[PDB]
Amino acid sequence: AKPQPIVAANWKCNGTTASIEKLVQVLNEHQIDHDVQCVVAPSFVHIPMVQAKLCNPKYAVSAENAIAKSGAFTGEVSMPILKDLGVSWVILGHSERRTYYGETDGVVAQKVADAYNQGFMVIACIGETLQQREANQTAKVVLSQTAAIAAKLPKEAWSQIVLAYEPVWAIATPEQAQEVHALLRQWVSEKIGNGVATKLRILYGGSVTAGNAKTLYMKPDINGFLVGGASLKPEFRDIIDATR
């Protein structure tokens, strides 16, 4: 018994008009005959061409980041602007943004609350570094990151939340991934509620390929993927098939 799986593409800061048109065509031709939420997150400037060309009924378009409000924030894209554009998914707290772009736990938690309150589906990213893993701090870190997010949310917000676990420490066996997912679900179950925990999607966001996806999705607490490199390739289709 699992909730609806999600297979999300994080294109990060990659792509050309040519490469995106070729990829979206193949994604459009792929017949998906099971209940799965597919997500593509392009770079901001590619969002329009993706919205225009993507016809696959299982897909939604997501942003890779956002700020809460419109105004004098040169270079940033706000959640109101995204909604006007027709985008209602957003990735927040990706490890790259936590590492390079000043997104502390509190910044991430406030962004998630803002997205929730403006009616977004949120893929919120957590995960521990190699230094943190080698000091035995996996549980403390992922639970503390999740706790920061949970602190700004009412119980009913969780239908709009998806967690994505990034094993930053590896940039992992399916068993190491399962152990962290289980630990996350246990926390949500005890602290937030049993019903909320059952229904929550916890996506694996380490290295996902056509080669390992099926074995990863066999695990009871893995509800799909936040895919990096392989989501720039026709291989993404096979990763979607692996959640049958």
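All residue numbers refer to positions in the sequence shown, first residue = 1.
Per the record, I171 and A172 are separated by a gap of 4 to 9 residues from the deposited sequence that were not modelled.
Across the two stretches, 34-42 and 179-187, the PDB entry reports the greater mean Cα temperature factor for 179-187. For the two regions 61-69 and 213-221, the entry's Cα B-factors average higher over 213-221. The entry lists C-alpha B-factors for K83, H94, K140, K111, and the highest of these is at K140.
Ranking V107, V162, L153, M79 by the C-alpha B-factor listed in the PDB entry places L153 at the top. When the CA B factors of the chain's modelled residues are split into thirds, the value for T198 lands in the highest one.
When the modelled residues of the chain are ordered by their C-alpha B factor, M49 lands in the lowest third. In this PDB entry, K233 carries a Cα temperature factor that places it within the middle third of its chain's modelled residues. Per the PDB record, residue ranking by Cα B-factor puts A8 in the lowest third of the chain.
Residue-level temperature factors show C55 in the lowest third of its chain, judged at the C-alpha atom.
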